[PDB]
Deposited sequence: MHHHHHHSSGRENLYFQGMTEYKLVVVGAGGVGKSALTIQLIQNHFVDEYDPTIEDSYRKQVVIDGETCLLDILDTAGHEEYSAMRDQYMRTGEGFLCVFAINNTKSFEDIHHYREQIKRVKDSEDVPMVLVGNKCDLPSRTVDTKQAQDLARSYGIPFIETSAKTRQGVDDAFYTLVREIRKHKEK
């Protein structure tokens, strides 16, 4: 007996102020958070249908540790396209995740957020190359316009599913 929808534990990581919370609140509440209130730790749930399968996303929004990294099945690694340092930090978030999961192949999506802003310092091609080198998808997002937001979370679920088979 099927006992209820499949649950997926997703974790959003990345440097302070890249828009991890804004992405998540946009997904859950269809609301853009304009204020910058730094996060300690928040969790959110949403039921969605992805590729014809109903599921429950349990999303942990982190601060810019080993316990959440151990329980998470997939990770959104978020940088801001106008902050080169946030992009350089991605490497370290990814190594930390691989270390705590004790694995080379953890479901992950690279997210370049704030793509609505004119002040771009990270080229799409650079981020795409970085993602290709990790063998993971790259998505450009804006929590403000909602560009790529659903896609980033759904793509992560699809990565988790590929990794379970």
(message) If I number the deposited sequence starting at 1, which residue ranges have no C-alpha coordinates at all?
(response) 1-14, 79-85, 187
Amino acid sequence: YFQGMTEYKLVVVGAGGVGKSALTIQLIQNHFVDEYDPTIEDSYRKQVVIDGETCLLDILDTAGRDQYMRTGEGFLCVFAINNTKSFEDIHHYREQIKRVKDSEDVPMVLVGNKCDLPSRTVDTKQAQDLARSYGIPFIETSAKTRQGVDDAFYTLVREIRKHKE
From here on, numbers count along this sequence of modelled residues.
(request) Take the C-alpha B-factors listed in the entry for 46-54 and for 28-36, compute each mean, and give the stretch with the larger one. (result) 28-36
(request) Can you let me know which of the two, 122-130 or 106-114, has the higher average C-alpha B-factor in the entry? (result) 122-130
(request) Divide the modelled residues of the chain into thirds by Cα B-factor and specify which third, lowest, middle or highest, holds residue 161. (result) middle
(message) Split into thirds by Cα B-factor across the chain's modelled residues, where does residue 80 land: lowest, middle or highest?
(response) middle
